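Here's the structure, in structure tokens; my notes come after.
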Amino acid sequence: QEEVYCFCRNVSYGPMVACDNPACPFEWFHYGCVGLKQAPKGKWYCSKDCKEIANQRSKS
Ligand SMILES: [Zn+2]
Ligand SMILES: [Zn+2]
């Protein structure tokens with residue numbers, strides 16, 4: 001695909017992942033955008049926040 005996902009103003013070059021979090025302002029982020037490889041544990045949180053934001057919600 002050729003668009004623009006992560007807040008890095010770019011799109012899916014190859015290794016990608018969606019904000020596997022209920023909140024997460026978006027559902028598509030690049031590894032160059034964030035920080036990881038092959039999306040650790042299979043599921044990765046769109047951003048260091050996309051993870052924390054999920055912790056702030058759902059069961060406290
Ligand atoms: Zn997110
Ligand atoms: Zn980004």
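Identifiers for the structure tokens are assigned positionally: chains receive A, B, ... in sequence, residues are indexed from 1 per chain, and ligands are indexed from 1 in the order shown.
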
(request) Grab me every residue within 8 Å of ligand 1, counting only C-alpha atoms and all ligand atoms, and send it over as a PyMOL selection string. (result) chain A and resi 18-21+23-29+45-47+49-51+53

(request) Residues up to 6 Å from ligand 2, counting only C-alpha atoms and all ligand atoms: could you list those as number ranges by chain? (result) A: 6-8, 29, 33-34

(request) Enumerate, as number ranges by chain, the complete set of residues in chain A that a backbone-based DSSP assignment places in strand (DSSP E or B). (result) A: 16-17, 29-30

(message) Restricting the calculation to only C-alpha atoms: of A:22, A:3, A:17, A:11, which residue gets closest to residue 58 (chain A)?
(response) A:22

(request) Using CA of residue 13 (chain A) and CA of residue 52 (chain A) as the two end points, give the distance in Å to one decimal. (result) 25.4 Å

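Rounded to one decimal, CA of residue 16 (chain A) and CA of residue 31 (chain A) lie 6.0 Å from each other.
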
(message) When DSSP is applied to the backbone of this structure, which of chain A are assigned alpha helix (DSSP H)? Write them out as a PyMOL selection string.
(response) chain A and resi 48-56

Hey, can you spit out that residue selection with N, CA, C and O atoms as a PDB file, in the first residue's frame?
```pdb
ATOM      1  N   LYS A  48       4.642   3.963  22.274  1.00  0.00           N
ATOM      2  CA  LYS A  48       4.960   3.802  23.690  1.00  0.00           C
ATOM      3  C   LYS A  48       3.767   4.246  24.531  1.00  0.00           C
ATOM      4  O   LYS A  48       3.605   3.831  25.678  1.00  0.00           O
ATOM      5  N   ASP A  49       2.916   5.073  23.920  1.00  0.00           N
ATOM      6  CA  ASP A  49       1.709   5.556  24.575  1.00  0.00           C
ATOM      7  C   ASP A  49       0.537   4.642  24.220  1.00  0.00           C
ATOM      8  O   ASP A  49      -0.207   4.213  25.096  1.00  0.00           O
ATOM      9  N   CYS A  50       0.402   4.326  22.924  1.00  0.00           N
ATOM     10  CA  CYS A  50      -0.666   3.431  22.446  1.00  0.00           C
ATOM     11  C   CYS A  50      -0.773   2.216  23.379  1.00  0.00           C
ATOM     12  O   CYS A  50      -1.796   1.535  23.413  1.00  0.00           O
ATOM     13  N   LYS A  51       0.291   1.977  24.157  1.00  0.00           N
ATOM     14  CA  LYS A  51       0.316   0.876  25.120  1.00  0.00           C
ATOM     15  C   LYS A  51      -0.187   1.378  26.468  1.00  0.00           C
ATOM     16  O   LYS A  51      -1.092   0.801  27.066  1.00  0.00           O
ATOM     17  N   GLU A  52       0.420   2.470  26.926  1.00  0.00           N
ATOM     18  CA  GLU A  52       0.054   3.083  28.198  1.00  0.00           C
ATOM     19  C   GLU A  52      -1.407   3.524  28.178  1.00  0.00           C
ATOM     20  O   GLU A  52      -2.129   3.360  29.161  1.00  0.00           O
ATOM     21  N   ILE A  53      -1.834   4.080  27.045  1.00  0.00           N
ATOM     22  CA  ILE A  53      -3.211   4.540  26.894  1.00  0.00           C
ATOM     23  C   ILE A  53      -4.174   3.378  27.127  1.00  0.00           C
ATOM     24  O   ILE A  53      -5.260   3.562  27.678  1.00  0.00           O
ATOM     25  N   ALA A  54      -3.758   2.177  26.720  1.00  0.00           N
ATOM     26  CA  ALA A  54      -4.582   0.986  26.907  1.00  0.00           C
ATOM     27  C   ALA A  54      -4.606   0.592  28.379  1.00  0.00           C
ATOM     28  O   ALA A  54      -5.597   0.054  28.871  1.00  0.00           O
ATOM     29  N   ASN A  55      -3.505   0.867  29.076  1.00  0.00           N
ATOM     30  CA  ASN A  55      -3.401   0.542  30.493  1.00  0.00           C
ATOM     31  C   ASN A  55      -4.246   1.504  31.323  1.00  0.00           C
ATOM     32  O   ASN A  55      -4.766   1.137  32.376  1.00  0.00           O
ATOM     33  N   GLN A  56      -4.382   2.736  30.835  1.00  0.00           N
ATOM     34  CA  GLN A  56      -5.170   3.750  31.531  1.00  0.00           C
ATOM     35  C   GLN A  56      -6.658   3.403  31.472  1.00  0.00           C
ATOM     36  O   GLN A  56      -7.439   3.835  32.318  1.00  0.00           O
TER      37      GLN A  56
END
```

(request) Have a look at CA of residue 39 (chain A) and CA of residue 12 (chain A) and let me know their distance in Å, one decimal. (result)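 Rounded to one decimal, the two atoms are 13.4 Å apart.
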